[PDB]
Amino acid sequence: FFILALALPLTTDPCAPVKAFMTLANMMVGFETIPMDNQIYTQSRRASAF
Amino acid sequence: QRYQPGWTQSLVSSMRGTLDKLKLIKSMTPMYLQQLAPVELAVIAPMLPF
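For the record, the sequence lines run as chains J and L.
For the first sequence, the deposited numbering begins at 629 and goes up steadily by one.
For the second sequence, the deposited numbering begins at 779 and goes up steadily by one.
The following block contains the structure:
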C-alpha cells in the first residue's frame with residue numbers, strides 16, 4: 629500500500645485517485661465497510677478494475 | 779480478568795492476533811454454501827438412484 633500510494637500520483641491516468649482509494653478499501657474488507665454503488669463493483673473488486 | 783493472569787503479556791497479544799486473522803480469513807466456502815451448493819443439490823437430486 630505504501631508503494632502504490634507513493635507511486636500513483638505521477639501517472640497520467642485520470643482515474644488514479646479512485647484506484648488509490650480502492651487499494652486501501654480492498655485491504656480493509658471485513659475490518660471496515662463502506663456503501664458502494666451496486667453488487668458488481670463491490671468493495672472486494674481489484675482496485676485496478678476501476 | 780481471572781484467567782489472563784496465568785499468561786504472560788506477549789502471549790496474550792499473539793493469541794489476539796491469531797484469532798483476528800481467523801475471523802477475517804478470505805475463505806470462499808461460506809459463500810458457496812449459501813448461494814451455489816443448494817442449486818447443485820437441487821440439480822443432482824432427481825437423477826439419484828435412491
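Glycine included, every Cβ here is placed at the ideal spot set by N, Cα and C.
In three-state DSSP terms, what is residue i?
i: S788 (chain L); result: helix
i: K647 (chain J); result: helix
i: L638 (chain J); result: helix
i: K801 (chain L); result: helix
i: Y781 (chain L); result: coil
i: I631 (chain J); result: helix
i: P808 (chain L); result: helix
i: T796 (chain L); result: helix
i: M825 (chain L); result: helix
i: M656 (chain J); result: coil
i: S672 (chain J); result: coil
Measure how close the beta-carbons of residue i and residue j come, nearest whole angstrom, since I'm counting them as under 8 Å.
i: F629 (chain J); j: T651 (chain J); result: 6 Å
i: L797 (chain L); j: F659 (chain J); result: About 14 Å; that fails the 8 Å criterion.
i: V646 (chain J); j: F678 (chain J); result: 5 Å
i: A633 (chain J); j: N654 (chain J); result: Not a contact, Cβ separation roughly 13 Å.
i: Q779 (chain L); j: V790 (chain L); result: Not really, about 12 Å apart at Cβ, beyond 8 Å.
Where do the N-terminal and C-terminal ends of the alpha helix (DSSP H) with residue i fall, by residue?
i: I662 (chain J); result: Careful: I662 (chain J) lies outside any alpha helix (DSSP H) and carries neither H nor E.
i: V821 (chain L); result: 815-822
Give me, in chain order, the residues of the same chain whose beta-carbon lies closer than 6 Å to that of residue i; leave out the 5 immediate sequence neighbours on both sides.
i: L636 (chain J); result: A644, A648
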